[PDB]
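Enquirer: Provided hereafter are the protein sequence and its experimental coordinates.
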Amino acid sequence: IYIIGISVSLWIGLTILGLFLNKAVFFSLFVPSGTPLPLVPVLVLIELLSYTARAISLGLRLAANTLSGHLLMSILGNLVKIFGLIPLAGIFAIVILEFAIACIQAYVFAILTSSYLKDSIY
Amino acid sequence: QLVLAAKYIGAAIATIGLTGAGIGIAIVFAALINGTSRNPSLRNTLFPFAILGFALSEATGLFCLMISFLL
Amino acid sequence: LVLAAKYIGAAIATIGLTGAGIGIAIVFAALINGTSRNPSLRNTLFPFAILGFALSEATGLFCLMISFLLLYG
Amino acid sequence: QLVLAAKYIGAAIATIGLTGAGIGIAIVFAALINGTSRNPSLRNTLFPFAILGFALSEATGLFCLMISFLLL
Amino acid sequence: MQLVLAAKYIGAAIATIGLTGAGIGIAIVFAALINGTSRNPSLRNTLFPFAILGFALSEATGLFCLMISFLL
Amino acid sequence: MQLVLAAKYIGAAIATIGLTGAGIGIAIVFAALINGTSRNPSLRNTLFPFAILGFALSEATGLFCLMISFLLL
Amino acid sequence: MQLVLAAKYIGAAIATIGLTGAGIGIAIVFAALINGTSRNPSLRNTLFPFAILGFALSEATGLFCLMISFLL
Amino acid sequence: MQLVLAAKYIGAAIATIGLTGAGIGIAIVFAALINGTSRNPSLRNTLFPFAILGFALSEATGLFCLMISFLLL
Amino acid sequence: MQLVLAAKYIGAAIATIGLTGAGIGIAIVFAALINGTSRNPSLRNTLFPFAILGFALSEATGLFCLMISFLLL
Amino acid sequence: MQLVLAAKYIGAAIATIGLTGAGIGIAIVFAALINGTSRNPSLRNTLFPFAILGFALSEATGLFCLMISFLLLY
Amino acid sequence: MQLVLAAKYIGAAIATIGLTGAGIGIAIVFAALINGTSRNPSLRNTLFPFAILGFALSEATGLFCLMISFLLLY
Amino acid sequence: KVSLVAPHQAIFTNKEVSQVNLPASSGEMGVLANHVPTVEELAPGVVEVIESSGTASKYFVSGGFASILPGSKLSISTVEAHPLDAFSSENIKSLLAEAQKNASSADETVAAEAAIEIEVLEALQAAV
């Protein structure tokens, strides 16, 4: 699941960079805004560079969520050796937060792709 | 023994980034709690920006924790 | 070298407690000051303080598991 | 030798978390003192949230001190 | 090479300390936008373009620090 | 022997890093009490009991952190 | 060399600690611009020109600090 | 005693990190007193007693942390 | 010359810690100037001279700290 | 010598970390005095006496910390 | 003297950590003066005199900390 | 869109304005198009309402309450609203000299009323 998540996220990041380059062949008009100086060319950490950082959030969230769920093996040996009822409440809250994190991660990925489609047509 | 000693310290110094992720989840909730009492941001409206804004601040702590647990 | 590095792993990893300790006071300062403006008392601000504190305290519980695992496993 | 010298360092760097627990009791007390003068949150009401909020913020200092005393 | 392998694991730990600026930067822009959208005016425009563009600029520091840590 | 003696001096130095939270905490409670007393009329009692009790709770982090430094030196 | 290769990995990790100032600097200018534009009416001008010029000055610290880390 | 002699000089330097909390505490208590006195009329007594007593509590962390550095020299 | 080459690489990285003060200083003066310009009506000149001169004073700490790192490399 | 000379040079550099609290303290007292003087009319004395006395207390932390660093290198 | 040469190079870099308090101190006094001048009507002198004198006190921490770093490398 | 109506006559009345740099209780603020709802009080300053171009009228208001509605409506309700040319420079100097000599010379509300009148007379004389 870890190797399949990073490979599927890399294909979605390359499609966002290729779609913006194809639509700029008939309009272009740069991509940045004007100011009183000329140092906007060195700050090219977006568009093409932003696709690799946005796609890495899907793979990093899967590794952090799997590490929290796999920590129950180290806590099970101490509870079967205070009362052990504190581990049931903590595992239920972590499972509810991990399941609800999928809806927040999916909405954040769709919000990032909406800004690239509106900026490419303006 | 030099490679095994550096693996234990790699997960300790990398956990210093939890101060930004821990205080970031409370900074977004402090502004939403004080603004909801001004009538009447309750259902949706401010609830969608607080849920989506908390996921962006939590992405720094989730990505930093993967490099410390990979040792 | 393996036994000496295990004791330092549980001490340097405790630096993240500043974010979890100050996060519980940041959410409580806005809830106490907002409740005196009439009339966020029953639920509303009181219900969001319990659910909002669990998100800020998640960073302290996850960072403490990496420090305790180096001294026991 | 190596295990004895590492025991003293396990309680020194672990005590750095007192800044979060020490400033947490003052941040909750600053909002309660400034909010009580606005009339009239005195008995209960705001006193219950300040007493319960101070115990939750002080849990980080007590939990971090347990790992320092166990290795020293 | 024991000295080369020991410096590789330490390079990914000290470089991860920069997450405090990137984590608190995304919450600073969201706190000022949530408190301003409740009065004058809406949230689907004006401040919506600044919050989306402002969050991407502040998150650029976390991507540069994570690339040098995974490559060492 | 020689390694345990050198680590005792460094144990009381890094443990004193918690004085920033305890030192600034005594001034954070006094700044809100001085600016709030001139707003009519938190003077006698009321806010005077919370300022004296709140200062002792914030100063407990400095005394607890200093005990581990004196015990290792 | 063993000593030369060990110092190169520690130099790139210690230089990455400066990302907290560059990451929080882009969010400080974005927080004031989002809340300042709601008071009418500097949106496409006035405040729009200072936000683009102010973000380039704060981003110069992150680019200069990252050059010494990749070259070591 | 070569390792204990080198650790004594480094212990007094790392223990001085607490001056940031004690140094900023004197300015935080004075900022609220200067800005609050212009609101009419916290001048004679009232706020003058809390500023003198509040500055002594915040300065106690700087004097206590400096005693451990001078004792190891 | 192994000791001189190892210490020279760590000097350029330890001196880069001062960029947090110079980077946040340019954003602190720009945040107050953006919020003050929208309150009417100091835009052209007047208050523009303090913002341009204030940014050059805060940037002197970053340029002076970077000279010591480049001279030892 | 050897270990004693190397620890003395590193002690004067680590002791200078306390300048962040003393350097920022002069700006915190000056920001409240400049913003509070525009309310009319804290000019002569009043606010000027508290700003001069408050700056001397904040500067005592930087002068006391610098004495321990200069004594180890001389 | 390999121990004295290695400690002298690290002393000039570790002493530069105090630039965060002096660099941010010049911006804290400038932020309060720019926001307070728009509130009417302290423009010439008055509030402008405190910004020039207040900047010299905050810059004393950066100049004193830089003297100990340059003396160890020269 | 301004509604600067006094307690004797109407100045703006209808919504036919754009900018309004009126002195409020805090600082010299200025209403733009659709500003935030800030119903703050007004102090004795200069209420210059910039009408589109540079057709601003220097109305020397003596204080009041600048109410800002949520529908882009600025109701600057003051007590008096006189122009800058309606105040002679010879008679303005006589009122400031009499208020300074009477201040800190008696008791009751004589010293309190003379201190507030000296601050409003000094700000109007410097904006002539």
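Expert: Looks like it arrived, so ask away. Numbers count the residues shown, from 1 in each chain, chains lettered A, B, ... in the order given.
Enquirer: Can you classify the residue of chain A found nearest chain I by secondary structure?
Expert: At 11.5 Å from chain I, residue A:36 is the closest residue in chain A, using CB to the nearest CB. Backbone N, C-alpha and C define where each C-beta goes, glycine included. Put simply, residue A:36 is coil when judged by DSSP: H, G, I helix; E, B strand; the rest coil.
Enquirer: what do you get for residue A:83?
Expert: With three-state DSSP as the criterion, residue A:83 reads coil.
Enquirer: so how many other residues sit close to it?
Expert: The tally of other residues near residue A:83 (other CB atoms under 10 Å in any protein chain shown) stands at 6.
Enquirer: The residue in chain A positioned nearest to chain C: what's it in contact with?
Expert: Going by CB to the nearest CB, chain C is nearest to residue A:71 of chain A, at 5.7 Å. By CB atoms under 8 Å, 6 or more residues apart in numbering or on different chains, residue A:71 lies in contact with residue C:65.
Enquirer: Please report the distance of it from chain K.
Expert: Using CB to the nearest CB, to the nearest Å, residue A:71 is found at 36 Å from chain K.
Enquirer: Now that residue, what are its backbone angles?
Expert: phi -80, psi 0 (degrees, to the nearest 10).
Enquirer: from what I can see residue L:34 touches residue E:39, true?
Expert: No - counting by CB atoms under 8 Å, residue L:34 stays clear of residue E:39, with 11.7 Å between them.
Enquirer: which one is residue A:42 nearest to, not counting chain neighbours?
Expert: residue G:63 (7.1 Å; CB to CB, 6 or more residues apart in numbering or on different chains).
Enquirer: can you check residue L:80 too?
Expert: residue L:62 (4.3 Å).
Enquirer: before we move on, what about residue L:86?
Expert: Using CB to CB, 6+ apart and skipping residues adjacent in sequence, the residue nearest residue L:86 is residue L:60, 7.9 Å away.
Enquirer: Spit out the contact partners of the one you found.
Expert: L:45, L:46, L:47, L:80, L:81, L:82, L:83, L:84, L:86, L:87, L:124.
Enquirer: Give me the subset of those lying in strands.
Expert: Per DSSP state E, strands hold the following members of these: L:46, L:47, L:81, L:82, L:83.
Enquirer: can I assume the fourth one is in contact with residue L:59?
Expert: Same thing as residue L:82. Yes - using CB under 8 Å, residue L:82 makes contact with residue L:59 at a distance of 7.0 Å.
Enquirer: So these two - more neighbours on which side?
Expert: The residue with more neighbours, out of residue L:82 and residue L:59, is residue L:59; 23 against 13, by other CB under 10 Å.
Enquirer: Quick one: name whatever helix or strand follows the helix or strand containing the more buried one.
Expert: Element membership for residue L:59, per DSSP states H and E: strand L:57-61. Counting by DSSP H and E, the next helix or strand C-terminal to strand L:57-61 is strand L:64-69.
Enquirer: now that following strand, how far from the chain's geometric center?
Expert: 12 Å (CA atoms, centre = their mean, to the nearest Å).
Enquirer: now residue L:17, what's its secondary structure?
Expert: Residue L:17 ends up coil, using three-state DSSP.
Enquirer: Report the contact partners of it.
Expert: Contacts of residue L:17 (CB under 8 Å, 6+ apart): L:1, L:2, L:49, L:51, L:74.
Enquirer: how about a markdown table for these, with secondary structure added?
Expert: Shown next, in a markdown table, are those (three-state DSSP):
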| residue | secondary structure |
| --- | --- |
| L:1 | coil |
| L:2 | strand |
| L:49 | strand |
| L:51 | coil |
| L:74 | strand |
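Enquirer: can you name the two of those residues that are farthest apart?
Expert: The largest distance within the contacts of residue L:17, taken as CB to CB, falls between L:51 and L:74 and amounts to 13.0 Å.
Enquirer: Neighbour count for those two, which is higher?
Expert: Neighbour totals were compared for residue L:51 and residue L:74, and residue L:74 leads with 23 against 16 (other CB under 10 Å).
Enquirer: The more buried one bridge partners, please.
Expert: Following DSSP bridges, residue L:74 is listed with bridge partners residue L:2, residue L:68.
Enquirer: any idea how far chain A is from it?
Expert: Using CB to the nearest CB, residue L:74 is found at 32 Å from chain A.
Enquirer: if we can go back for a sec, surely the residue of chain A closest to chain I touches residue G:50?
Expert: No - shown here, residue A:36 and residue G:50 do not form a contact pair, counting by CB under 8 Å, at 9.7 Å.
Enquirer: can you give me the strands in chain B?
Expert: Under DSSP E, chain B gives no strands.
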